[PDB]
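Participant: Could you have a look at this structure, given as structure tokens, before my questions?
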Amino acid sequence: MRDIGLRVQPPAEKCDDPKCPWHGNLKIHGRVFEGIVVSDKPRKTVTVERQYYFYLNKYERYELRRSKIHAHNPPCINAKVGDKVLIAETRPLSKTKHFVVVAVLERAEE
Amino acid sequence: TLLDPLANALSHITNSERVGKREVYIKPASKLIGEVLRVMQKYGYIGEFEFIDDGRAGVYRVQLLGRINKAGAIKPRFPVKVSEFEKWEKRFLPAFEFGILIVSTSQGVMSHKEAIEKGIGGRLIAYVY
Amino acid sequence: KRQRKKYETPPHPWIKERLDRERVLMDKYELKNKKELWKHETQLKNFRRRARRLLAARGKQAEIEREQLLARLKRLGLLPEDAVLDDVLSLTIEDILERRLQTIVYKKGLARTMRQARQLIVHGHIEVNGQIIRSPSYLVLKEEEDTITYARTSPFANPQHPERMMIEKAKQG
Amino acid sequence: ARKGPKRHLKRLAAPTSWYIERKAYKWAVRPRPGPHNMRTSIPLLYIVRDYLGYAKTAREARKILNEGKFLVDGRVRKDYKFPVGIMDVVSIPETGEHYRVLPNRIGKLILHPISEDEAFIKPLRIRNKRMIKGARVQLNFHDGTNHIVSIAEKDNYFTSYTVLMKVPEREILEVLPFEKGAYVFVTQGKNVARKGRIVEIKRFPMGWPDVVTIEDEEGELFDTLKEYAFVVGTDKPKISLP
Amino acid sequence: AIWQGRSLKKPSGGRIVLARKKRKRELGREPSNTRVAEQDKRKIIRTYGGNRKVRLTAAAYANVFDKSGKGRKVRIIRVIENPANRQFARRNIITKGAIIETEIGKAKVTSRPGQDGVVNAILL
Amino acid sequence: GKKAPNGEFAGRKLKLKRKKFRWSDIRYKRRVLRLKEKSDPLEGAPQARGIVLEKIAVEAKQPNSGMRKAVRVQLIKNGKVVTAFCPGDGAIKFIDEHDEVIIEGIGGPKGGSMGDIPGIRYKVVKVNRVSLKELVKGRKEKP
Amino acid sequence: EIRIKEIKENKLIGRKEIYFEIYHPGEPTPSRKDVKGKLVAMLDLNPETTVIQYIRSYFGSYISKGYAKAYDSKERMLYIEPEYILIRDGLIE
RNA sequence: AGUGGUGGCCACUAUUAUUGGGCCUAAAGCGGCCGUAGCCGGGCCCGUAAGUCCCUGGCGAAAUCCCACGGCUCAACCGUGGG
RNA sequence: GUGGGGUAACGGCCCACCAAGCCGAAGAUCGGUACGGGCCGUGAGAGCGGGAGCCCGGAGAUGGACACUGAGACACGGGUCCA
């Protein structure tokens, strides 16, 4: 148990990677969002989706937009599709990976 | 397929009025509808009203007093803050304070003038004058 | 960034009603251009614009701006000291036309004619508050109304300038 | 395109803390890097020309600075681009005049005159603490100055405490601590040029600093950030504060 | 040049047109390719902002370390295995993480000759 | 039925609908696709300089009868050939073969034809850098 | 006539700074020599050390603003006050 | 001391229409039906606070804009102060 | 993804290997068009249209391409080739 600074319990598994914020050298600084896993096929990778409503100044109605974000999935938690997860800005890691999972708020089966 | 109780209710009221009957029986009765019916009755636009347990959805019985020029339901529930009511009031009223607007606010659905006095915005639901 | 004209052209240049009304007005006050009348109407209209925005305005800034408006209106000599916002709408163009410097100086008897007052103003023969003004379109505050006086160096300042005799006879005549 | 470091600063872009007419001319003094930030400082040249009216033309002002007649924090400075920042003491011995730099309620800086006896004390916020080789403790202040002290004296200081610094000889006089109920003068924000007392410290995670709540003299409560809170006394201000 | 910059392709795939020329602050430098020899040959390199960095083009000695923490300066005979590439071990190339054979025996390199200019390793 | 959609969460398709029908008009589509700027013989220029070749007279469309004088000109800018109407009385007398001229649009409805002359889109204003109207008045002299 | 609105003392520069107003009703704006030789009287100043910078003649006014220096030594004005105004006052050819 | 001619842009225009347009006879409902995403959806009880709303800190830099005051003769412009 | 390289610096920026991903009908890909903002013109306003003139940020030195000096450069008034 090492502190990440975010109010969430730590993953039970202790992995040996250098890229687990709970079990590695990397840090966290920047926003925290929440979202859902939509795809997990690439290794140690996750595409988090986020829906939200946007306002049209000329039409005074709402546009529901879907936003995706790539992020890294450490093995300790092993995020899968259908799961509500918490995401934090992180050091640049790949061509596009710039966010990391910190926890799984609620898995798919629930 | 019936989809909005309130709009059918207020339309039914106006369509009774332009004839000018005495008693109206709003078949789609709901708690929010009853709150609304209280609102303008507190400015006596209607006489008494009563709830009738029909076993299915309730029915509201209402007397008219012949004082409703037009009573429409703002359907797209525009949310509005306090400071700009005059634009929306001008959107749905003939003259300065010539009638009311019904706003759903954090405390409970009721009229707009007090909502300015209490200084709380909300979501427009109906207008009438 | 470009500076805008200070006046608003009429939406139609040949309405008989408005044309003849303006004609009567500039006959009364002997202005040089309808542009001038339009400018005066413009500031009239902007006073009213402020009044109308404020009359429906709620908020501390609104009240402060309202008091500023009332105070400036009073200071111009266009309203009574007990004036209230409601009356400002009733302000007419003629209320401002009277407050024109040229109309004031003619109304002081110091001129036989409106255009003679104009000639004096351009020629500087008039002074206000110890400073000379050459513009007959300037709007005079109430507080200065008592100080409107002949410019010292002006030949008209002396009580012997032959035109001033005719001025005095017109005043008494 | 631009290719590195600037050397100019157009008047129109100048910081909002400077009582400088902006459309009279186009070119101003770019401050060189120094103790205080761009947002909380002004060149001394403008202090001489505007805020004191001693010099009408910048050349003459520079001449007077060349004479070295000016004592900021008990040090003469000839640099007519010196950032003279917040809570500095400007002293003119030729005139026996002493002011302290302090912001306005609006967010602009003024020279509040102070007594001569106060002119030697300068309170410095403790920005951060660090360990340097030899196990020595170095404290970095809000104004960028640095003070070295022993390992034993490390706990005498903590970040966000105020040290009354004796600028003429660099001697530490007193350490006002940050605890509930101190007297604090605000530095930046909407609550600028406010002075009050502390009731609560809001521990904010997720990248957001400590929001202290300040209770004014009249009892009104407001909030500001930790870094904007500058302690000046345990219960009353130890310096003349408008 | 050696340009360590934008990928010409978007993540989705749409090819990206360039809109400006490359920048000297953005270019890289050649590979060191540290090799086994009888003497240490090194090149100092002026770098971005006036810094310096020394680079081993030929290496003769290594600092091996015991798990206890005691270090031995020794010679380097040959490289056993280079996980970074298969061509490197064949050509006595020296890189961090490589398995090397010295007089003491098997060591794993825990330092980068390219940037450090010395080679440190752990006895296995 | 009721005009649709109007709901809280339907703004997107309402916007799409209006963008689709924004193609229904003519002026907006003409502006966005810049049809004139690829059909324009004047290349957006209010006035253009040309060289005249030939004098041509035409008959007013019926019931209006009258012989209108005009000229055909090749544009110095690009080289297209276009006819410009000569307004005034005795105008053609001043103009002759091989004359430098300056020409603008006729100011018809949408810039089109005017009144009793067919298709003519332009009128001369200056000939050899001397303005037509004063020569029509005769105050000045052609070079 | 001349009426002084203000006299202040630049002690860092050892000089007196004088703001004043000149009353000239109906008569042209005065020459520099006369205003200098007449202001020199009523503050007990040396002519050489005193310099007048600007006499602003107002439009449509019989009052002209005036603003002038008064140093304490010959060397300081040469060192500080730039040559042009010395030429205007004649203190340098 | 400007006015006229031409060209392009907003209003005129509810001839672009959410406020705020029509589709039997004036151009405009497809021949009919099924249904995916999308959009809109009966009432009552418990929870939530994502939206929605009220209060509160930082921030959205200047110049331009509105207002009072001061300087330039007034104005425009500039400064001080409030939005 | 693994392991390295070079960089001021993290990273497919590169390289060796291991996998089959990732984007697209809430329109990729491709083309047409075009520096972005503070703003400005018009309108009672909803809105419509535009980014020339000042300030901020971005990009360029006929086109391309490549170095040295250097804290800072591929450097309008420094250098090399090609057209």
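Residue numbers (the deposited numbering), protein chains in the order written: chain AS, 2 to 111; chain AJ, 2 to 130; chain AE, 5 to 177; chain AF, 2 to 243; chain AK, 2 to 125; chain AO, 3 to 145; chain AW, 2 to 94. Think of the CB as a built atom: it goes at the ideal place given N, C-alpha and C, for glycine as much as any other residue.
Beta-carbon within less than 7 Å of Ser58/AW's beta-carbon, same chain only, minus the 5 sequence neighbours each way: which residues are those?
Facilitator: Against the seventh sequence, residue 58/AW aligns to sequence position 57. So the list reads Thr30 and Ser65, once near-sequence residues are dropped.
Participant: Please name the residue in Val84/AO, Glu143/AO, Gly92/AO and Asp101/AO whose C-alpha comes closest to that of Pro43/AO.
Facilitator: Sequence index remark: in the sixth sequence, residue 43/AO carries index 41 (1-based). Comparing Cα-Cα distances from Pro43/AO to each of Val84/AO, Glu143/AO, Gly92/AO and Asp101/AO, the minimum goes to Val84/AO.
Participant: Would you call the stretch 11-18 of chain AJ and the stretch 95-108 of chain AS touching, i.e. three or more CB-CB distances under 8 Å?
Facilitator: Short answer: they don't touch.
Participant: What separation, rounded to the nearest whole angstrom, lies between the Cα atoms of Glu31/AK and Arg113/AK?
Facilitator: Your numbering for residue 31/AK matches position 30 in the fifth sequence. Your numbering for residue 113/AK matches position 112 in the fifth sequence. Each residue's Cα considered, the two are about 15 Å apart.
Participant: Quick one: grab the DSSP three-state call for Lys11/AF.
Facilitator: As a working mapping, residue 11/AF is identified with position 10 in the fourth sequence. The answer is strand: DSSP assigns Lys11/AF an E or B state.
Participant: Where does the unbroken beta strand (DSSP E) through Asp217/AF begin, and where does it stop?
Facilitator: On the fourth sequence, position 216 is the one that residue 217/AF refers to. Start and end: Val212 to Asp217.
Participant: For a test of the three-state rule: what should DSSP assign to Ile97/AE, helix, strand or coil?
Facilitator: Mapped onto the third sequence, residue 97/AE falls at position 93. Looking at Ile97/AE - three-state DSSP - the assignment turns out to be helix.
Participant: Go through its chain and collect everything with a Cβ distance to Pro11/AS's Cβ below 6 Å, but skip five positions before and after it.
Facilitator: Within the first sequence, the letter at position 10 stands for residue 11/AS. So the list reads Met2 and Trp23, once near-sequence residues are dropped.
Participant: How about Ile171/AE: is its C-beta nearer than 8 Å to some C-beta of chain AW?
Facilitator: In the third sequence, residue 171/AE corresponds to position 167, counting from 1. Not an interface residue.
Participant: Any chance you could list the beta strand (DSSP E) runs of at least 3 consecutive residues sitting entirely within the stretch 28-105 of chain AE, in chain order?
Facilitator: As far as the stretch 28-105 of chain AE is concerned, it has no whole beta strand (DSSP E) run of at least 3 residues.
Participant: By the three-class DSSP mapping on this structure, what secondary structure does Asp224/AF have?
Facilitator: Taking the first residue of the fourth sequence as position 1, residue 224/AF is located at position 223. The answer is strand: DSSP assigns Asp224/AF an E or B state.
Participant: Apart from the five residues just before and just after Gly21/AJ, which ones in its own chain have a Cβ nearer than 8 Å to its Cβ?
Facilitator: In the second sequence, counting from the first residue as 1, residue 21/AJ sits at position 20. Only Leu65 and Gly67 meet the Cβ criterion.
Participant: In angstroms, rounded to a whole number, what distance separates the CA positions of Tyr63/AS and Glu35/AS?
Facilitator: The sequence position of residue 63/AS within the first sequence is 62, counting from 1. The sequence position of residue 35/AS within the first sequence is 34, counting from 1. For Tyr63/AS and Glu35/AS, the distance between alpha carbons rounds to 21 Å.
Participant: Grab me the residues of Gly121/AO's own chain with a C-beta within less than 7 Å of its C-beta, minus the 5 sequence neighbours each way, in chain order.
Facilitator: Along the sixth sequence, one-based indexing puts residue 121/AO at 119. Contacts found: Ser115.
Participant: Could you give the residue range of the alpha helix (DSSP H) that holds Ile95/AK?
Facilitator: If you number the fifth sequence from 1, residue 95/AK lands on position 94. From DSSP, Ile95/AK is part of no alpha helix (DSSP H); its letter is neither H nor E.
Participant: Within 8 Å (strictly less), CB to CB, does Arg62/AS reach chain AO?
Facilitator: As a working note, residue 62/AS is residue 61 in the first sequence. By this cut-off, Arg62/AS is an interface position.
Participant: Let me make sure I understand the geometry here. Which of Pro84/AK, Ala2/AK and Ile46/AK has the alpha-carbon closest to that of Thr58/AK?
Facilitator: In the fifth sequence, the residue the question calls residue 58/AK occupies position 57. Comparing Cα positions, the closest option is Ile46/AK.
Participant: Confirm, please, whether the CB-CB distance from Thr225/AF to residue 1/AF is below 8 Å.
Facilitator: The structure shown does not extend to residue 1/AF, since chain AF spans only 2 to 243, so no value can be given for it.
Participant: What are the boundary residues of the alpha helix (DSSP H) that includes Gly35/AJ?
Facilitator: Within the second sequence, the letter at position 34 stands for residue 35/AJ. Where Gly35/AJ is concerned, the enclosing alpha helix (DSSP H) stretches over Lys32 to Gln42.
Participant: Return the first residue and the last residue of the beta strand (DSSP E) that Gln108/AJ is part of.
Facilitator: Counting from one through the second sequence, the residue named residue 108/AJ turns up at place 107. First-last for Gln108/AJ: undefined, no H or E at that position.
Participant: Since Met207/AF meets chain AS, which of its residues come closer than 8 Å, beta carbon to beta carbon?
Facilitator: As a first step, residue 207/AF is located in the fourth sequence; it is residue number 206 there, counting from the start. Simply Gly6, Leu7 and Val33.
Participant: Where DSSP assigns a beta bridge to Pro93/AS, which residues make up the other side?
Facilitator: Counted from its first residue, the first sequence places residue 93/AS at position 92. According to DSSP, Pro93/AS bridges with nothing at all.
Participant: List, from N- to C-terminal side, the beta strand (DSSP E) runs of 3 residues or more that fit wholly inside the stretch 40-64 of chain AJ.
Facilitator: DSSP runs (the beta strand (DSSP E)) wholly in the stretch 40-64 of chain AJ: 47-53.
Participant: What runs of the beta strand (DSSP E), each 3 residues or longer, lie entirely inside the stretch 105-172 of chain AE?
Facilitator: Here the runs fully enclosed are 130-132 and 152-154.
Participant: Nearest-angstrom Cα distance between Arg29/AO and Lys22/AO?
Facilitator: Taking the sixth sequence and counting its residues from 1, one reaches residue 29/AO at position 27. Taking the sixth sequence and counting its residues from 1, one reaches residue 22/AO at position 20. So the alpha carbons of these two residues sit roughly 15 Å apart.
Participant: Would you kindly work out how many angstroms separate the C-alpha atoms of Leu10/AF and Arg50/AF, rounded to a whole number?
Facilitator: Here residue 10/AF refers to the residue found at position 9 of the fourth sequence. Here residue 50/AF refers to the residue found at position 49 of the fourth sequence. Cα to Cα, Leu10/AF sits roughly 18 Å from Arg50/AF.
Participant: Just list the residues that DSSP pairs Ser68/AS with in beta bridges.
Facilitator: Indexing the first sequence from 1 puts residue 68/AS at position 67. BP columns for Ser68/AS point to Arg51/AS.
Participant: Considering only residues of the same chain and omitting the five flanking positions on each side of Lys20/AS, which have a CB-CB separation below 6 Å?
Facilitator: As a position in the first sequence, residue 20/AS is number 19, starting the count at 1. Only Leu27 meet the Cβ criterion.
Participant: With DSSP as the reference, label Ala120/AF as helix, strand or coil.
Facilitator: On the fourth sequence, residue 120/AF is found 119 positions in, with the first residue counted as 1. It is helical.
Participant: Hey, is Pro29/AW's beta-carbon within less than 8 Å of any beta-carbon in chain AE?
Facilitator: On the seventh sequence, position 28 is the one that residue 29/AW refers to. It does not: the Cβ of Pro29/AW has no partner Cβ on chain AE nearer than 8 Å.
Participant: I believe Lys37/AW touches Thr51/AW by the beta-carbon criterion, under 8 Å. Please report the beta-carbon distance rounded to the nearest angstrom.
Facilitator: The residue labelled residue 37/AW in the question sits at position 36 within the seventh sequence. The residue labelled residue 51/AW in the question sits at position 50 within the seventh sequence. About 7 Å separates the two Cβ atoms, so the contact holds.
Participant: Mapping the DSSP letters down to three states, classify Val120/AK as helix, strand or coil.
Facilitator: By one-based count along the fifth sequence, residue 120/AK stands at place 119. Coil at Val120/AK, not helix or strand.
Participant: Give the interface partners of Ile8/AW over in chain AF, defined as CB-CB distance under 7 Å, in chain order.
Facilitator: Translated into positions along the seventh sequence, residue 8/AW becomes position 7. Those do not exist, as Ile8/AW stays about 14 Å from chain AF at its closest Cβ, beyond 7 Å.
Participant: So, helix, strand or coil for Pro111/AO, using DSSP?
Facilitator: In the sixth sequence, residue 111/AO corresponds to position 109, counting from 1. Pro111/AO: helix per DSSP, three-state reduction.
Participant: Check whether the stretch 11-21 of chain AE and the stretch 93-103 of chain AJ are in contact - that is, three or more C-beta pairs closer than 8 Å.
Facilitator: Cβ pair count under 8 Å is below three, so no.
Participant: Please report the distance separating the alpha-carbon of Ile5/AS from that of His30/AS.
Facilitator: The count along the first sequence starts at 1 and reaches residue 5/AS at position 4. The count along the first sequence starts at 1 and reaches residue 30/AS at position 29. Each residue's alpha carbon lies about 10 Å from the other.
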